[PDB]
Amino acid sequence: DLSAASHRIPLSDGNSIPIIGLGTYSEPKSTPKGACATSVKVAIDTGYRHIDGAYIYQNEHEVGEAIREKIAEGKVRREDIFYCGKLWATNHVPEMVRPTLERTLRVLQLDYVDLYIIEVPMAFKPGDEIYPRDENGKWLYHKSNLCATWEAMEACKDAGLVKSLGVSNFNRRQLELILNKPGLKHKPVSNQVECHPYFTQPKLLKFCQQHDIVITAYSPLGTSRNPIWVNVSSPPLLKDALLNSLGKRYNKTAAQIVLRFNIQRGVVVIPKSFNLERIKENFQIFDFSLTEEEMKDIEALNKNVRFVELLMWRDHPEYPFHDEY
């Protein structure tokens, strides 16, 4: 079923997605130029065929550079690569959707993206500033309309600029608002959310499965733990005693165990790493499997505590984390 050479799982629209991808977020201020490009190329050489990025990460051009060079090398064909892009909060005005995607297509120098998703369910005031706030530090929000934005996304697919549509950071209510929309033409094929052994997403996963929506786990290794976004109160996932003990059973690292955990349950993982050794390590999860008991042991680690709470936007009408799921 899942092997290094063939590991694509089905999407409800007829397309498919590699069960493991390379995450590409890296702090802009302290990340050397070229580190992303180099990493993406190392990943493709390693065997990865899926790359996750976003215009707001500020390195989307580097992802494109790497993908085009490898195609030019004859390493892969455009159809062999799966790239996911994202529409940020400051770009939810319907008429802004296509222009925003076209901007990313320019940056990448590609004809289309394989997956385009609404980054967050919250709308922010339009503009160049990714994180808008007035002189008093008050966030500049905009009025959300998930159905009008979704229709704009559907138009992008019809025009051939993207293969599949999806969302990120959506809770159950926000998903059903789209699923029950009158005249729905293209239903969400995936929902990218935080998911790992400390936050297994049991109810949201079950719901998505019932609707043929595939969950992509972001921060599958528990994040880089940057105090600005991470609830450092929760201990380091990769230091967990059990996860490390289970690794010794197969001569695998904790990271490898947590990644295998999610892919074995049908959850796509997009671990980020700009380190040669680690990029390779994270991909070695097809030469072993976890027993039924081990899957249960890992599941029991769930604390129902998120590393990514986004508390700075807790008062936004569409803040996704107030509901149980």
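Numbers for residues come from their place in the sequence shown, where the first is 1. Under this definition, the rigid core comprises the largest set of C-alpha atoms superposing within 1.5 Å between the forms.
- With each structure aligned by its rigid core, the stretch whose Cα atoms sit farther from this model in 5 other deposited structures of this protein, between 221 to 229 and 122 to 130, is 221 to 229.
- Across the two stretches, 154 to 162 and 129 to 137, the PDB entry reports the greater mean Cα temperature factor for 129 to 137.
- The mean Cα B-factor in the deposited entry runs higher for 175 to 183 than for the other of 175 to 183 and 103 to 111.
- The PDB entry assigns the greatest CA B-factor among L87, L204, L243, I228 to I228.
- Note on the listed residues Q210, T149, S219, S168: the highest Cα temperature factor in the record is that of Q210.
- Per the PDB record, residue ranking by Cα B-factor puts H142 in the highest third of the chain.
- When the CA B factors of the chain's modelled residues are split into thirds, the value for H50 lands in the lowest one.
- Sort the modelled residues of the chain by CA B factor and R278 lands in the middle third.
- When the modelled residues of the chain are ordered by their C-alpha B factor, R265 lands in the middle third.
- The PDB entry assigns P197 a C-alpha temperature factor belonging to the lowest third of its chain's modelled residues.
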